[PDB]
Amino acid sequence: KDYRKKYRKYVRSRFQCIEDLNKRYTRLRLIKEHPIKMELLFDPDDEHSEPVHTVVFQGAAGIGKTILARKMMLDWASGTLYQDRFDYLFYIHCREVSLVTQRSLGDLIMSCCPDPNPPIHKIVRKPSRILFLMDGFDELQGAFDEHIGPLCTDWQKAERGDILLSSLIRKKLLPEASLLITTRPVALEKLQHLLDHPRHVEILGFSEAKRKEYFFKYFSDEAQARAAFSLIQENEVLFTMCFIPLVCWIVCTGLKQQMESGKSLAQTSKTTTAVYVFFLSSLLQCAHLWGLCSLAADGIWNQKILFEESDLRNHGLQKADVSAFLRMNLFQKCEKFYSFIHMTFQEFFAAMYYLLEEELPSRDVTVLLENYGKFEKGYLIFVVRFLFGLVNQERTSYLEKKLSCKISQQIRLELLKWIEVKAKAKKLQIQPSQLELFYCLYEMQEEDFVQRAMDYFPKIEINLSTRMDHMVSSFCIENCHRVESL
């Protein structure tokens, strides 16, 4: 009662803005059964009439899972959301939770609290008044399998981080406490098996009117905001891709540098690889290109998303270099840890590690592909996708001229043999799907490669769900023509 006041005051200041104001927050399109009012998420809006205790938010990389979870904490602490339903909302940031370290649910709850000695026994008195907000399930570093056990039913017993979170998700630990898990659809395969009567909600990103809203929030000058949005409107691809809020931020940040220069506002970008290479080349006034890539490849191959001072100092990134990338919105920072500005940037530098000119992790693309779609290595969706785009010889920049074209050709051969094995195999059943291979060929864009690869698919068997799916598939199909077509 009196401690809840202190906790809400703490939550109000800790979730004040996007990093570490919430005026740049633009509404997200949330749809259920995967017009959703957040207050009604836990209501039994069915004939069940028994409250919903598990709510799953499935959203792709950069769609706004963390931003929605942070807005949730702030709105709740401000008496605007669930004022009547929950006494405490605990924010569990999955990228900080060790899956090996032995900790109890009490120790985890106390981790979310401001003071060293919180009234843990008083908090746990009414478990139904607690909402556990697990943000980024897919960011749990290491393996997470449904065979772990025994399951824990004591909030005070210290268990392995995987047993602990597994017992909380399965609703064995505080059975009637509420849960809000945000995950990428890829990890929804691991998750589904633990879930107890969950309510599924899909984060779809920005509406065509919310992309315009974002651009106008980003640029204070209305003349700049309208010129930036008109560029997107002119470019079919950038308009389509700007449904992902992270794409809206990357695009806006890139046009700011171009605006400061005085160059006629233009962005020809046709792929995610083109956008990522455009944003990165705008930062360049690179010297630590080997260091940045090895850090990301090591962080993907050895499951490190947060890097302390020692992790950066061994990769050649001294005090000044870290402070330059933090200022250039390449790195992020009261945790004494540093990470990439996003997970998709760590995957861009991991893909780039395999193509760098020589002048610690394994650069064998064969072993990288062997771990594709595996939870342990983070699924490697964007590593492989960016790898397809960067290998395209009919594309260059000052950044790409620093990549070895000899190993880029060898890797181009192995990516064709990978498509050939995936497509000409009925027994696959898991990632990559046919649509996912279509996204890879879309990053390639080169017609000699795309046409050779599309001749491996016997029949087109895909499920379209977005206008991005239509664009990608449309491109691959129009480059799939039978040899004797006359």
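Start at 1 with the first residue shown and count on from there. Take the two forms, superpose them, and find the largest set of C-alpha atoms that agree within 1.5 Å; that set is the rigid core.
Root-mean-square C-alpha deviation from the shown form, taken over all structures in 4 other deposited structures of this protein superposed by the rigid core, is larger for 321-329 than for the alternative among 406-414 and 321-329.
Looking at 336-344 and 197-205, the one farther from the shown form in 4 other deposited structures of this protein by average CA distance, after a rigid core fit, turns out to be 336-344. Compared against other deposited entries of this protein, residue 47 counts as often unmodelled, lacking coordinates in at least a third of those that resolve the residues around it. Coverage remark for residue 361: absent from the model in at least one third of the other entries compared whose chains are built on both sides. Coordinates are lacking for 10 or more deposited residues between residue 20 and residue 21. The segment from residue 285 to residue 286 is interrupted, since 10 or more residues of the deposited sequence in that interval carry no coordinates. Set 61-69 against 35-43 and average the Cα temperature factors; 35-43 ends up higher. Across the two stretches, 369-377 and 217-225, the PDB entry reports the greater mean Cα temperature factor for 217-225.
Within the selection 106, 198, 262, 150, the deposited Cα B-factor values reach their highest point at 262.
Set against one another, the Cα B-factors of 249, 276, 290, 388 in the record reach their highest point at 290.
In this PDB entry, the Cα temperature factor of residue 331 sits in the top third of its chain's modelled residues, the highest group. In the deposited entry, the Cα temperature factor of residue 77 sits in the middle third of values across the chain's modelled residues. When the CA B factors of the chain's modelled residues are split into thirds, the value for residue 144 lands in the middle one. Annotation for residue 25: C-alpha temperature factor in the middle third relative to the rest of the modelled chain, per the entry. In the PDB entry, residue 455 places in the middle third of its chain by CA B-factor.
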